[PDB]
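Okay, so here's the structure we're looking at.
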Amino acid sequence: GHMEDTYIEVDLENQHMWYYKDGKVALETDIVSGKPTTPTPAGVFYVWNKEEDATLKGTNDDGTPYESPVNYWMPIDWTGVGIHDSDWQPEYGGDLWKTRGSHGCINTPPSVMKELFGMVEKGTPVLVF
């Protein structure tokens with residue numbers, strides 16, 4: 001519940017990523033995003049690329065590059081934020097990010113991210129809040 005657009009959605013607080021269409025959700029899963037050291041931004045996001053069997057990366061809180069071996073990636077920012085499937089990171093829900101260490105990236109379930117990536121492609125926004 002955040003705007004009326006068709007997009008993807010994410011709630012950091014309740015660690016839940018949706019797909020909004022028709023002002024309604026097409027998709028909804030639990031996630032884990034934005035660990036305390038490198039938290040998620042929240043605002044108005046849009047996927048500018050589709051990455052499949054992709055490898056996410058990033059500069060840690062330290063400025064140390066890392067990776068996220070993903071199967072479905074949908075980057076929305078140029079820091080390395082977006083929606084992804086997280087198989088290495090099998091948990092999703094109430095604040096996991098704090099421990100589970102996602103760097104602004106939203107840990108969507110590999111199976112549900114397939115639903116999502118399955119709905120959403122570039123052009124579509126994403127949300128986090």
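Going by the structure tokens order, chains are called A, B, ..., each with residues numbered from 1, while ligands are numbered from 1 in the order shown.
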* Write out as a list in words all residues of range 58-125 of chain A that DSSP puts in strand (DSSP E or B) for this structure's backbone. =>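 Answer for range 58-125 of chain A restricted to strand (DSSP E or B) is residues 58, 59, 65, 66, 67, 68, 69, 72, 73, 74, 75, 82, 83, 84, 85, 106, 107, 108 and 125 of chain A.
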Could you save the residues just selected, with C-alpha atoms, as a tab-separated table (two decimals), in the first residue's frame?
chain	number	residue	atom	x	y	z
A	58	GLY	CA	28.72	-4.42	-3.97
A	59	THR	CA	30.75	-2.46	-1.61
A	65	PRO	CA	33.12	-5.79	-2.75
A	66	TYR	CA	30.92	-8.72	-2.26
A	67	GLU	CA	28.61	-10.88	-4.30
A	68	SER	CA	25.21	-12.34	-4.48
A	69	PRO	CA	24.92	-15.35	-6.82
A	72	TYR	CA	16.92	-13.59	-10.89
A	73	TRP	CA	18.10	-10.03	-10.48
A	74	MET	CA	16.26	-6.85	-11.01
A	75	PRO	CA	18.44	-3.79	-10.18
A	82	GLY	CA	17.13	-4.23	-6.59
A	83	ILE	CA	14.99	-7.30	-6.27
A	84	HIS	CA	16.59	-10.74	-6.33
A	85	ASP	CA	16.11	-14.35	-5.60
A	106	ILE	CA	15.97	-7.55	-1.18
A	107	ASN	CA	16.23	-11.24	-0.43
A	108	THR	CA	13.26	-12.68	-2.31
A	125	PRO	CA	9.19	0.04	-10.68
* Asked: So which residues touch range 39-53 of chain A within 6 Å, counting only C-alpha atoms, skipping near sequence neighbours fewer than 5 positions away, as a list in words?
  ->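 The contact residues come out as residues 34, 70, 71, 72, 73, 74, 75, 76, 103, 104, 122, 124, 125, 126, 127, 128 and 129 of chain A.
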* Which polymer residues have any atom within 9 Å of an atom of range 109-116 of chain A, counting only C-alpha atoms, with same-chain residues fewer than 2 positions away left out, as a list in words? -> residues 8, 18, 19, 26, 27, 28, 29, 30, 31, 70, 71, 72, 73, 83, 84, 85, 86, 87, 89, 90, 91, 92, 107, 118, 119, 120 and 121 of chain A
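Distances from A:38, A:88, A:16, A:7 to residue 64 in chain A were compared using only C-alpha atoms, and the smallest one belongs to A:38.
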* Residue nearest residue 94 in chain A among A:17, A:2, A:24, A:32 (counting only C-alpha atoms) ->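 Using only C-alpha atoms, the shortest distance to residue 94 in chain A belongs to A:32.
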* Do a neighbour search on residue 6 in chain A at 7 Å with only C-alpha atoms, toss out local chain neighbours closer than 3 positions, and write the hits as a ChimeraX atom specification. => /A:20-23
Grab the residues selected above and save them as a PDB file, in the first residue's frame with N, CA and C atoms.
ATOM      1  N   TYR A  20       2.962  -5.113  -7.105  1.00  0.00           N
ATOM      2  CA  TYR A  20       1.728  -4.392  -7.198  1.00  0.00           C
ATOM      3  C   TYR A  20       1.345  -4.116  -8.616  1.00  0.00           C
ATOM      4  N   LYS A  21       0.146  -4.500  -8.907  1.00  0.00           N
ATOM      5  CA  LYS A  21      -0.484  -4.248 -10.130  1.00  0.00           C
ATOM      6  C   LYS A  21      -1.948  -4.104  -9.889  1.00  0.00           C
ATOM      7  N   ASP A  22      -2.485  -3.109 -10.556  1.00  0.00           N
ATOM      8  CA  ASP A  22      -3.885  -2.769 -10.483  1.00  0.00           C
ATOM      9  C   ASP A  22      -4.172  -2.172  -9.140  1.00  0.00           C
ATOM     10  N   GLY A  23      -3.075  -1.834  -8.485  1.00  0.00           N
ATOM     11  CA  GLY A  23      -3.120  -1.238  -7.192  1.00  0.00           C
ATOM     12  C   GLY A  23      -3.279  -2.266  -6.110  1.00  0.00           C
TER      13      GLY A  23
END
